[PDB]
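One chain comes next, on its own, written as structure tokens: the form deposited without 3-bromanyl-2~{H}-indazol-5-amine.
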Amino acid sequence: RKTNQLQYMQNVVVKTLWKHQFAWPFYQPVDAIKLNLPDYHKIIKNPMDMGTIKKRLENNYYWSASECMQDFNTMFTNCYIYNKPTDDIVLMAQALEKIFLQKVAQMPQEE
């Protein structure tokens, strides 16, 4: 069984964010080819997405919740690194990130 905090990341944080109307671009790794970057992987050194995070939770990958939180931070920050302030995807990420912060502020204690 995962830590209680990792269960929270799965059953509250991911579950809530996944259902948000703006979450879908984050469901899978950014495919530079389907969208030839051609430069994406030249700037984005550590790609991350919520599909990967969800799989890691399901597959028991994380040792502690901090690692999962870091993956979310990487996902959001990467979006901002690559995109302009006025881009639709940035507004989408911002909405999701505000929810992420509100939910991780309520993360439970391990007992």
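The first residue of the shown sequence is 1; numbering continues from there. Just so we're on the same page, rigid core means the largest C-alpha set that superposes within 1.5 Å between forms. Residues that one form lacks are left out of the comparison.
Just so you know, the form deposited with 3-bromanyl-2~{H}-indazol-5-amine bound exists too; it's not on screen, but the next bit is about it.
Novice: Quick one: 3-bromanyl-2~{H}-indazol-5-amine borrowed from its pose in the bound PDB entry and superimposed here by the pocket C-alphas, is it open or blocked (3 or more atoms within 2.4 Å of backbone/C-beta)?
Specialist: Here the answer is open - the superposed ligand has no atom within 2.4 Å of any backbone or C-beta atom.
Novice: For residue 33, is any heavy atom within 4.5 Å of 3-bromanyl-2~{H}-indazol-5-amine in the bound PDB entry, or not?
Specialist: So residue 33 does not count as contacting 3-bromanyl-2~{H}-indazol-5-amine.
Novice: Does residue 79 make contact with 3-bromanyl-2~{H}-indazol-5-amine in the bound PDB entry, using a 4.5 Å heavy atom cut-off?
Specialist: Heavy-atom contact with 3-bromanyl-2~{H}-indazol-5-amine at 4.5 Å: present for residue 79.
Novice: Is there a heavy atom of residue 61 lying 4.5 Å or less from a heavy atom of 3-bromanyl-2~{H}-indazol-5-amine in the bound PDB entry?
Specialist: Judged by the heavy-atom cut-off of 4.5 Å, residue 61 is well away from 3-bromanyl-2~{H}-indazol-5-amine in the bound PDB entry.
Novice: Does any heavy atom of residue 12 come within 4.5 Å of a heavy atom of 3-bromanyl-2~{H}-indazol-5-amine in the bound PDB entry?
Specialist: No, residue 12 is distant from the partner.
Novice: Taking 3-bromanyl-2~{H}-indazol-5-amine in the bound PDB entry, which residues along 36 to 50 bring a heavy atom to within 4.5 Å of it?
Specialist: Residues within 4.5 Å: 37, 40.
Novice: Tell me, with the core superposed, which single residue in 36, 28, 46, 59 has its C-alpha moved by at least 2 Å between the shown form and the other one.
Specialist: After core superposition, the one over threshold is 36.
Novice: Considering only residues present in both forms, which runs of at least 3 consecutive residues have all C-alphas displaced by 2 Å or more between the shown form and the other one after core superposition?
Specialist: After superposition, only residues 36 to 38 shift as a run.
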